[PDB]
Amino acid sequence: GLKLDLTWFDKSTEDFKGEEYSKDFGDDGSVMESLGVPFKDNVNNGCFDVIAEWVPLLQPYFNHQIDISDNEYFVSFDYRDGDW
């Protein structure tokens, strides 16, 4: 199903510091709905800047304690059939 693919980078150097996937949402896209990200042309098609608004909407699905004053965050909406 759909996993949120979360990725983050050092604001100072741009070095990669971490990646985390949410659990699988199956075929329920409403998390995308709550981000305000239309489905069209957005699933398996790139990463979005995690804005301040998005943090509260996203944090419930991640171990990583998202800190946008420390790091740049990006999420993509990966979809693969089944368990993956």
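Heads up: residue numbers just count along the shown sequence, starting at 1. Heads up, when I say rigid core I mean the largest set of C-alphas that superpose within 1.5 Å between the two forms.
Student: Rigid core superposition, C-alpha RMS per stretch in 4 other deposited structures of this protein: which comes out larger, 50-58 or 37-45?
Tutor: Comparing 37-45 with 50-58, the one that moves more in 4 other deposited structures of this protein is 37-45.
Student: Name the higher of the two by mean Cα B-factor in the PDB entry, 26-34 versus 41-49.
Tutor: The recorded data point to 26-34.
Student: Using the temperature factors of the C-alpha atoms in this entry, rank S69 within its chain: lowest, middle or highest third.
Tutor: Top third by C-alpha B-factor.
Student: Lowest, middle or highest third of the chain for the C-alpha temperature factor of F77?
Tutor: Ranked within chain, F77 CA B lands in the lowest tercile.
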